[PDB]
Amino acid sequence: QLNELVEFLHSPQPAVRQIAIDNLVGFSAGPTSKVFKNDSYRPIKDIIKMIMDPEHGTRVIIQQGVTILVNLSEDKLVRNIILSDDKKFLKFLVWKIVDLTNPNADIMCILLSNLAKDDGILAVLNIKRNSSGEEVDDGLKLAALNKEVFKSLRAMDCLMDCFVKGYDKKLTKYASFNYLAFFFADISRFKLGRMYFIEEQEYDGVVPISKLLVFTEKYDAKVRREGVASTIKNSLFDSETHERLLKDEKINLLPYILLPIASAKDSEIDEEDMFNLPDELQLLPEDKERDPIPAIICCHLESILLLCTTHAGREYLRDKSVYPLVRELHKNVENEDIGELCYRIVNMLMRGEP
């Protein structure tokens, strides 16, 4: 019955396809979503084709198709089809996200973050275009880049720009790009993805991880705080990079890891210890409080714990009064998980040189 309806997704007639997807989008959330996997995931492939169609891919059809893909993207076998069956779709997806006229950019960011669970997403690191004007690439009509906003020709650089500059609808009335945080979080799990965030990029000469740090304190957007916290943690996977990253003053990593676990009230720290805190941790507002979400805090402690792997790192953290900060977190926040991590950090800061 639904089997009959999905087949019309590859009808030759646009108006039939339109009626088909309009009636199917509702059935893509529940148990009934098995129908989209018929005939070796033919309906998925059809929907992907409808979305990319320059002529018949209207605003509504794109919104419906992407909504379907988002729902089905929970299944890993579907994510395979979306990424590997047709390589154009990923190119289509990332470039339509940076098109600041696209009203479906946000819901597409969600799809992108879901696809980032599979290592096939690493293809985004190589996606580039030849010029910033309206261009044809492998049969795709790429819209022209906003040259004022986007100085790069690489997609990863443009997605970064959208995230960093596009919060609170500063670039588009349609999107804030919050879920690109989860995209960065998931892609940074992979080695090649981690290498993007901790290495200086040519197009603007900065290490990308530094551009994310400011959102650690954005308390009206927990998705951005969650994603950024994980991205920092993943970026610190290799301990041989820690000395470089901690001591690079134009990155300035540590203060933005510590601010979320710092509080103005309830925290008792000596004048002597307070003098050794980073500048940003000094003279805090009186209403300054810790991140209320424990999972985010734990993620930050995991990062601090990673930075305790190396003697040079531990020396740096001890010199910046990380121990008093972790002590007062342990005292004032009764949560078992946070507590465990606090004493794990102290265990590491306790040991000397090997």
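The first residue of the shown sequence is 1; numbering continues from there.
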Q | Greater mean Cα temperature factor according to the PDB record, 33-41 or 322-330 | A | 33-41
Q.
Going by the mean C-alpha B-factor recorded in the entry, which is higher: 224-232 or 171-179?
A. 171-179
Q. Among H300, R314, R290, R59, which carries the highest Cα B-factor?
A. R59
(Q) How does the C-alpha B factor of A144 compare with the rest of the chain: lowest, middle or highest third? (A) highest
Q: Could you say whether, by C-alpha temperature factor, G120 belongs to the lowest, middle or highest third of its chain?
A: middle
(Q) Which third, lowest, middle or highest, does the C-alpha temperature factor of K250 belong to within its own chain? (A) highest
(Q) Please say which third, lowest, middle or highest, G133 falls into when its CA temperature factor is compared across its chain. (A) highest
**Q.** Lowest, middle or highest third - CA B-factor, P285
**A.** middle
